[PDB]
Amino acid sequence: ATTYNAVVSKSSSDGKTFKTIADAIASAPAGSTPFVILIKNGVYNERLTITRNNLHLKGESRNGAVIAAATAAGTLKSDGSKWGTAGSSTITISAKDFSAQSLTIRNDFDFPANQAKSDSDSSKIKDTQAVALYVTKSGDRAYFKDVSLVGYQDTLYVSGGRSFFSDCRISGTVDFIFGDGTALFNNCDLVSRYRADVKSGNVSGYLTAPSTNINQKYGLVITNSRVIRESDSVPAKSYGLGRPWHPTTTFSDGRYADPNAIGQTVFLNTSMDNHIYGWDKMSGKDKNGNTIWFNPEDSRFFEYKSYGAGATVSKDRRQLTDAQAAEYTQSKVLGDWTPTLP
């Protein structure tokens, strides 16, 4: 039993359809009854902010139904101010019980073309984060099935509550899954991208940059997945599994890297190609304005039964026991929430 409240299409000959996804979402009655939108194949150049609870998008196909926009953190607004990382997102989820199925979400900011620009080019952006999907503190219970997320730096920003990614593709370079949310990934392809701008022997990127609060039980949990290189040109030992993001945060005594954002990333039963070297450190600014380094050994970085060429076991790559691994089931990670589609 599946029925649609609204249909989005590129064709006028399709029938009683909306031309834009934003229009279809806006047409939903105020409230929290389920609202399900079918999105027919096409590229929809739109930026969306979801504020209605119990909204559900279903694409005709992951390959063919695309929601895309090009926005970097350093892209300037009309008033001349920057969008910023949060502000750069193609899709922002600020409601509960959202789901998306069988669609692609892209940030089309051309990171490689930006980096290839001459240093004196005033159009060359320094703030190169460009978010495809952002789940905010107001999104809890967000479910993404058979979804592809496309970007380079900061592709997926998961904050606040619980999100679940299933049968997914996520691509990027630097910190491409990051934030303080409880985010579970099952049967996903995590695709590390080629960096034309990085010298041989330097780091090309980091899969994760968790900012999980120390009192929060679960951060980024990746299960039954595949950690893969985009191409053979992605060098061996060029990508970190994670580095600890301690976000600049406003406190009573100033604005500086959050000491209690001691991130968790756990990989269970996940394949890894040899582009992976292990975990890494990350820097921020402390309460005095000095550089401060946060180390992987002080963070909640673990693996369980990784395989493939990138899966070395060493003192620098901590392993869960069987008993500890049992704590990372879908049931335990997501608690009372069972992700379901309409």
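Residue indices: 1-based, along the sequence shown.
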property: Mean Cα B-factor comparison, 149-157 or 231-239, giving the higher one as deposited; result: 231-239
property: Higher-B stretch (mean Cα B-factor, as the entry records it), 89-97 or 72-80; result: 72-80
property: Largest Cα B-factor, entry values, listed residues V135, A113, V221, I125; result: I125
property: Third of chain Cα B-factors occupied by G254; result: middle
property: Third of the chain, ranked by Cα B-factor, where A196 sits; result: middle
property: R52 by Cα B-factor - lowest, middle or highest third of the modelled chain; result: highest
property: For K40, the third of its chain into which the C-alpha B factor falls; result: highest
property: Chain-relative CA temperature factor third for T182; result: lowest
